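Heads up: the structure comes next, in structure tokens.
Residue numbers run from 1 in the order of the sequence given.
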Amino acid sequence: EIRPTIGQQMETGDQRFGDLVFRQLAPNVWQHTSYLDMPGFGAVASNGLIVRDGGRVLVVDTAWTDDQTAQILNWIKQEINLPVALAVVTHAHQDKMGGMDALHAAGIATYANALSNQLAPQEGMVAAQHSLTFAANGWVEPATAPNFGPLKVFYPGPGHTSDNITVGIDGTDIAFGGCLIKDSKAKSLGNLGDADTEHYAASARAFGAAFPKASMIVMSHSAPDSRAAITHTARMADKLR
Ligand SMILES: Cc1onc(-c2ccccc2)c1C(=O)N[C@H](C(=O)O)[C@@H]1N[C@@H](C(=O)O)C(C)(C)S1
Ligand SMILES: [Zn+2]
Ligand SMILES: [Zn+2]
């Protein structure tokens, strides 16, 4: 088993599949986890989501690489055997967007914040094929998110990056904070190299307010947590200003 240097460990409830780990969170929601082996440091886990919506599946975030992302698609084919309608990626960094080419080879429509698509080439990423735009209060413009089923996309403001977005899963008590939110026991806010240290706290809190009844908070580098992950992230971010 994979014991990452950074990221949650495997526990009861986890399925190893290839180089990845999958965990069912709800009857129709699974967390995908993939690992980047960094030289001299060991594996860094990154999480995203798989959502069944009737006869189709929706994905939030790629794995770190194209091969890992193809493995996600193979797990979905094995375990669910329904087509992937679209994927939403939550900002233009490798943990979230490093597998875009596997999605595109598979014929899956991809969506990202317009700003993530504008940044991606500068980051050595491939842009998603469609751009999401957002209102002044952070809610996605619904015409840019056609047929998203239960995915409710919200741009909370700059934080981990200027383009980070978040996704609520309607019909469940789950919301996904991506790299913006760290868990309730975290000692750090992770990589702040692209962060907006003035606005981070307010953006973390805005994500909480967008999904006020979400009780299970999913994030990129820890196991799903309570709402304390939001409040503790904001308290850590208050110290950056
Ligand atoms: C590693 C890693 O190695 N190379 C890239 C990369 C490639 C192209 C563009 C940008 C980065 C990368 C990456 O994606 N790093 C992310 C980042 O910087 O935010 C990861 N999220 C952090 C967080 O959530 O705090 C983290 C400390 C877990 S690291
Ligand atoms: Zn990032
Ligand atoms: Zn990250």
Side-chain angles (χ1 to χ4, degrees), residues 2 4 6-8 15 17-23 25 29-38 43-53 56-80 82-132 145 148-149 151 153 155 160-161 163-167 169 176-181 190-191 194 218-222 224:
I2 311 271
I6 294 296
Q8 73 285 344
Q15 176 192 357
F17 180 90
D19 299 303
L20 278 78
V21 167
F22 294 85
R23 180 183 186 77
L25 303 185
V29 182
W30 299 257
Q31 183 180 259
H32 64 80
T33 301
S34 61
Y35 304 91
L36 182 69
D37 203 314
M38 291 192 91
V44 179
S46 184
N47 302 327
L49 290 175
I50 303 167
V51 180
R52 177 175 176 175
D53 178 27
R56 71 195 183 134
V57 176
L58 314 168
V59 172
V60 179
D61 289 335
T62 73
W64 296 95
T65 69
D66 288 323
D67 183 67
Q68 288 164 6
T69 302
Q71 294 185 48
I72 294 173
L73 301 183
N74 294 336
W75 178 92
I76 292 169
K77 168 73 170 72
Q78 177 173 287
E79 298 287 345
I80 304 171
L82 293 170
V84 176
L86 62 92
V88 171
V89 298
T90 62
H91 67 280
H93 285 167
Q94 189 187 342
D95 48 351
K96 309 291 84 190
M97 286 185 81
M100 294 303 305
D101 290 334
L103 298 180
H104 292 162
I108 295 164
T110 55
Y111 295 77
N113 187 348
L115 178 56
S116 302
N117 288 335
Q118 189 165 5
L119 289 172
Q122 306 180 55
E123 298 292 317
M125 296 297 110
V126 172
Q129 291 172 342
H130 302 286
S131 292
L132 301 174
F148 265 42
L151 304 187
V153 186
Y155 171 66
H160 169 73
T161 58
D163 59 323
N164 57 24
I165 62 171
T166 68
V167 185
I169 315 301
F176 181 72
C179 306
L180 179 70
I181 300 298
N191 195 351
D194 279 349
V218 180
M219 68 213 86
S220 292
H221 307 293
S222 293

Worked verdict on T33 versus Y35 for side-chain contact (heavy atoms from CB on, under 4.5 Å) | CA-CA 7 Å; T33 301; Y35 304 91; 3.6 Å; yes
Steps toward side-chain hydrogen bond (donor to acceptor under 3.5 Å, both in side chains) verdict (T161, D163) = CA-CA 5 Å; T161 58; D163 59 323; 2.7 Å; yes
Determine, step by step, whether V29 and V218 satisfy the side-chain contact (heavy atoms from CB on, under 4.5 Å) criterion, reporting the C-alpha distance in whole Å, the side-chain angles of both residues, the deciding distance to 0.1 Å, and the verdict.
-> CA-CA 11 Å; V29 182; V218 180; over 6 Å; no
Criterion side-chain contact (heavy atoms from CB on, under 4.5 Å) on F17 and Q78, from CA distance to verdict = CA-CA 10 Å; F17 180 90; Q78 177 173 287; 3.6 Å; yes
Verify side-chain contact (heavy atoms from CB on, under 4.5 Å) between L103 and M97, making sure each step is shown before the conclusion.
-> CA-CA 10 Å; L103 298 180; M97 286 185 81; over 6 Å; no
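When side chains are defined from C-beta on, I165 counts as touching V88, because their heavy atoms get closer than 4.5 Å. At least one side-chain heavy atom of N47 sits under 4.5 Å from a side-chain heavy atom of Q8. For the pair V126 and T110, the minimum side-chain heavy-atom distance is 4.5 Å or more. The side-chain heavy atoms of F176 and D61, taken from C-beta on, include a pair separated by under 4.5 Å. The shortest distance between side-chain heavy atoms of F22 and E79 does not fall below 4.5 Å. Using a 4.5 Å heavy-atom cutoff, the side chains of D194 and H91 are not in contact. In this structure the side chain of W75 never reaches within 4.5 angstrom of the side chain of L20, judged on heavy atoms. When side chains are defined from C-beta on, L73 counts as touching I108, because their heavy atoms get closer than 4.5 Å.
Under the side chain to side chain contact (heavy atoms under 4.5 Å, CB included) criterion, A105 pairs with no residue, sequence neighbours left out.
Taken from CG in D19 to CD in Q71, the straight-line distance is 4.5 Å, to the nearest 0.5 Å. Interatomic distance, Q94 CD to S46 OG, rounded to the nearest 0.5 Å: 9.5 Å. Taking OH of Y155 as the start and OG1 of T166 as the end, the distance is 10.5 Å to the nearest 0.5 Å. Note that CG of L180 is 10.5 Å distant from CE of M219, once rounded to the nearest 0.5 Å. In this structure, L58 CG and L49 CG are separated by 10.5 Å, a value rounded to the nearest 0.5 Å. Within the model, atoms OG of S34 and CD1 of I2 stand 10.5 Å from one another, a figure rounded to the nearest 0.5 Å.
For the residue pair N191 / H93, no side-chain donor-acceptor distance below 3.5 Å is found, with atom types taken as modelled. Between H221 and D95, the side chains place a donor N or O and an acceptor N or O closer than 3.5 Å (distance only, hydrogens not considered). For the residue pair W30/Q15, the side-chain donor-acceptor check at 3.5 Å is not satisfied.
When every heavy atom of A112 is checked against every heavy atom of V89, the shortest pair comes out as CB-CG2, 3.6 Å. The two residues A45 and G7 have their closest heavy-atom pair at CB-CA, 3.8 Å. The two residues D66 and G98 have their closest heavy-atom pair at OD1-O, 3.6 Å.
Results of the side chain to side chain contact (heavy atoms under 4.5 Å, CB included) test with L82 over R56, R52, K77 single out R52 as the only residue that passes.
In this structure a side-chain-to-backbone donor-acceptor pair under 3.5 Å is missing from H32 to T69. With hydrogens and angles ignored, the 3.5 Å screen pairs no side-chain donor or acceptor of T62 with any backbone N or O of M100. Formation of a donor-acceptor pair under 3.5 Å by the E123 side chain with backbone atoms of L119 is not found in this model.
Environment of CD in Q118: sparse, with no more than 12 heavy atoms of neighbouring residues, nucleotides or ligands closer than 6.0 Å.
Ring-plane geometry between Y111 and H130 is classed as parallel, the angle between the planes falling under 30 degrees on a 0 to 90 degree scale with a further cut at 60.
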